[PDB]
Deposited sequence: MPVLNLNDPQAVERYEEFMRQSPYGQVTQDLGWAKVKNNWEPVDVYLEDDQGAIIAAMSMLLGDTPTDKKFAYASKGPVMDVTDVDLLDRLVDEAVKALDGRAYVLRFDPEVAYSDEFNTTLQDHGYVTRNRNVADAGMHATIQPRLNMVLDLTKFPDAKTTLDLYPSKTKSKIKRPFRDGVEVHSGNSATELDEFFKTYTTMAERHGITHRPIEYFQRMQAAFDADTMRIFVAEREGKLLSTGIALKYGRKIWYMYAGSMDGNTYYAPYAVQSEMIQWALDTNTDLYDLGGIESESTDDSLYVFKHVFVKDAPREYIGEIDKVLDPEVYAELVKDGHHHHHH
């Protein structure tokens, strides 16, 4: 069925499924459509023979240089996507809802790559983008290689240090021994601190940054038990920040910033406090996000490897249900 976004009870039932599913993702929450306010939401779901929702896909439709929209389900659908007979049924509902307006429906779920799964998807008519492509983080919209810490490997861990070898314990201890202190919250105060460090870091890298309203809509859509901004200071001086979202089975480190000059390893202190939040809440996974390669030349791998010693997770990548093949060929 298609979700009637003007039916509050129906939206609540949809949200309860997303928030309680082991496959839930913040980018599949209907709150992500409030963040992506320049995209159009279209959402679909399936029910089991007992009336319960068993699968859901939140799509956002974007503009292209053609007469067709781009339909994108970021880190969805919310289900076991290797259940491809069930996937086909859900995608069929999605295609009904899109009513011919999109040239493609793309979804990039956090499911492990495998050759058997890749072949199954292609056999069902999907076009996949994974090892067949790349350009690194630019080959796909979301990075396909991700540094994920499995906290279930440490059932008795009480503090962040309990997870790490001695060399890493020393790195984590360093900022706190040098006077760095971290607080956290989700008010306008922490947002302004984040945004100063975020724009400062963007200028230093000469790169574009998102407007503050992007994060203000996210603070409006997600309460402090879901969205938390961590702020590292030393002797009152702002040093670095990070934004983490707690949703489903993971806490995700999504955005960060750091000031110019000496920052006293404060980004390590942010990571430690974020991981401590995951331990305190019994969260299975802490996700530090994408890397370009398992390499010493990748500044993303080098930093994140301090906190993730296991292999990066490699996902199936982008799964494209092609609807207008002429436009698909032009744009992809």
Report task. Where the model has no C-alpha, note the corresponding stretch of the deposited sequence, numbering from 1. Result -> 1, 136, 335 to 343
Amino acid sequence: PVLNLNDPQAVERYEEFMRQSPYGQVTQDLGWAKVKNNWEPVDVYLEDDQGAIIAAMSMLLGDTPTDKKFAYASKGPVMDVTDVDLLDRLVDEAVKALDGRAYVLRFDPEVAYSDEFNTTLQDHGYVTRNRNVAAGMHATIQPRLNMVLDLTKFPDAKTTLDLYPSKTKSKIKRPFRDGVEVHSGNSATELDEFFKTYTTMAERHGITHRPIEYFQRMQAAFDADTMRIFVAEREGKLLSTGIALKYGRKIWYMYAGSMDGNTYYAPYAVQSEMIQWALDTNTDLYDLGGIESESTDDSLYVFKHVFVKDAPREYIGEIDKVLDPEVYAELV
From here on, numbers count along this sequence of modelled residues.
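We call the rigid core the largest set of C-alpha positions that still match within 1.5 Å between the two forms.
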Requested in this report: Would you say which of 86 to 94 and 199 to 207 moves more relative to the shown form in 6 other deposited structures of this protein, going by RMS C-alpha distance with the core superposed?
Outcome: 199 to 207
Query - Higher-deviation stretch (C-alpha RMS, rigid core fit) in 6 other deposited structures of this protein, choosing from 258 to 266 and 130 to 138 - result: 130 to 138
Query raised in the report: Mean C-alpha B-factor higher for 258 to 266, or for 199 to 207?
Result: 199 to 207
Requested in this report: Compare the mean C-alpha B-factor of 44 to 52 with that of 62 to 70 as given in the PDB entry, and name the stretch with the higher value.
Outcome: 44 to 52
Report summary line: Reading the B-factor column for Cα atoms of 213, 193, 80, 235, the highest value belongs to 235
Requested in this report: Compare the CA B factors listed in the entry for 274, 57, 291, 26 and report the winner.
Outcome: 291
**Report entry** Chain thirds of CA B-factor: placement of residue 105
**Finding:** lowest
Report summary line: residue 13: CA B-factor among chain residues, third -> middle
Report summary line: Assert third(CA B-factor, residue 286) within chain per record equals lowest
Report summary line: residue 311: C-alpha B-factor third of its chain, per the entry, is the highest
Query - Relative C-alpha B-factor of residue 332, binned into the chain's lowest, middle or highest third - result: highest
